[PDB]
Structure formats: structure tokens, C-alpha cells
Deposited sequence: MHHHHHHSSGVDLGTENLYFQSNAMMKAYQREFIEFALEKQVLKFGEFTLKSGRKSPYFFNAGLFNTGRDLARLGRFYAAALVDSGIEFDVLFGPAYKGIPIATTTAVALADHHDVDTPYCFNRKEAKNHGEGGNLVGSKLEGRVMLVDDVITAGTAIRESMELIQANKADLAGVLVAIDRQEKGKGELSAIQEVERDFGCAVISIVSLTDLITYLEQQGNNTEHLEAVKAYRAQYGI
């Protein structure tokens, strides 16, 4: 995986946004991990998050003319991503978000990149799509923080349903698979820990 994906995971772990262990999901299943981007709730958590969404966006190479964040959760995420693009990528993108009710910022025109936290059932995307549709712009992509890569009600994932229903690509910072790589790519900790302690014991303090 690339550097930003590794640094995202570590950051999510540091902030307790990502956690491993036993977890009962409010949506049936028992899961081995918990992920809740809502815990990125301070100014430095947001700065970093804008920068990780921005990195993921530039990595995809998808061209977009406006970054749209749906009310309400998409608003801060679009905001910090837009900021990360101006200051760290020298990309000055128009940005837009809606009021529930009607548009703040730029016009919804051309290729629209929707940014949000997660794709649960595709709800926020459906209302937004009706705004894009209405404005005769098209949905070029949706960017979320994590792609869980698991079957839903049927056989397609929640992301795959969004792709089918709206015709856009879904972009994620990271995926279940990255979480496995990350875990599989760890330097046998207790092995090195003991050797480091042993080396210390003989040369320490």
C-alpha cells in the first residue's frame, strides 16, 4: 500500500477511530474491527483527514470540476479536503454543499466529486444525485474513508450498489484489504521486543 494509506491506518488507530477486537455491529454481524470516522473530532484530526482524502483523490487521477459535501457530515469533510488540496497539492478546487430543505459555495456544474464519510445504504448519495441531476451536472465519483469490501443484503457491496445505481466510481482512502496488509506487514513485535530488552539489559542506562 502507499505511504498515505499506511499513515491513515496508524492515525485512525491512534485516535481510536479504528479499533481491533470483538465488536457487535448495529446491523446484524459480529465484527473483528470497529471503524467510526466520527471520532475524528478535533482541529488536528480534521487537518490530517483533509490531507488523507486529498491524497486519495490525487492518487485516483479522477478529474472533477467541483467537490461536493452533502449536508451534514459531508460538509466538514469536503471543507478540510478542499483546504488540503489548496495548501498541499496546489489545486484550487471549487466546492459546494447543500442546505436540507439551497446551495452554499460554487455552482453544481460539470463533473462533481462527492466526498463523505462512509457509504452505509447509499442514502446521502441518492439525495445529492437528485441535486446534481437537477443541475444537469454529472456524478464523477464518490470518495469515502474506508471501503469495507463486504457483501450486503444481496451479493454486491454497498459501494458496488452505489456504482451500479449512480454510474460513478467510488474512491476510498483505505480498504479491508489494506487493513490485512497492514496487520500482515508488521515486524514480529514480541520477537524484536525481547531482543531489544536483552540488548538493553547488557548495555543499558
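- Comparing the deposited sequence with the modelled residues, the stretches lacking C-alpha coordinates are 1-25, 127-134.
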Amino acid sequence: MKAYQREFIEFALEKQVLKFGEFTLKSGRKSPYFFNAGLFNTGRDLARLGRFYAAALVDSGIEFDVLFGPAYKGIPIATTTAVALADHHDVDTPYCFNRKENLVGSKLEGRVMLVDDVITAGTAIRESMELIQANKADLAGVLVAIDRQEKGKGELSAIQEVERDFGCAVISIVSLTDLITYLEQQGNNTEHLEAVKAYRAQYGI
From here on, numbers count along this sequence of modelled residues.
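- Between the stretches 166-174 and 134-142, it is 134-142 that shows the larger average CA temperature factor.
- Stretch comparison (89-97 versus 124-132) by mean CA B-factor in the PDB entry places 124-132 on top.
- Residue set 69, 154, 38, 61: peak C-alpha B-factor at 154 (per PDB entry).
- Annotation for residue 161: C-alpha temperature factor in the middle third relative to the rest of the modelled chain, per the entry.
- Per the PDB record, residue ranking by Cα B-factor puts residue 193 in the highest third of the chain.
- Annotation for residue 30: CA B-factor lies in the highest third of the chain's modelled residues.
- Residue 119: CA B factor lies in the highest third for its chain, per the PDB record.
- Per the PDB record, residue ranking by Cα B-factor puts residue 102 in the highest third of the chain.
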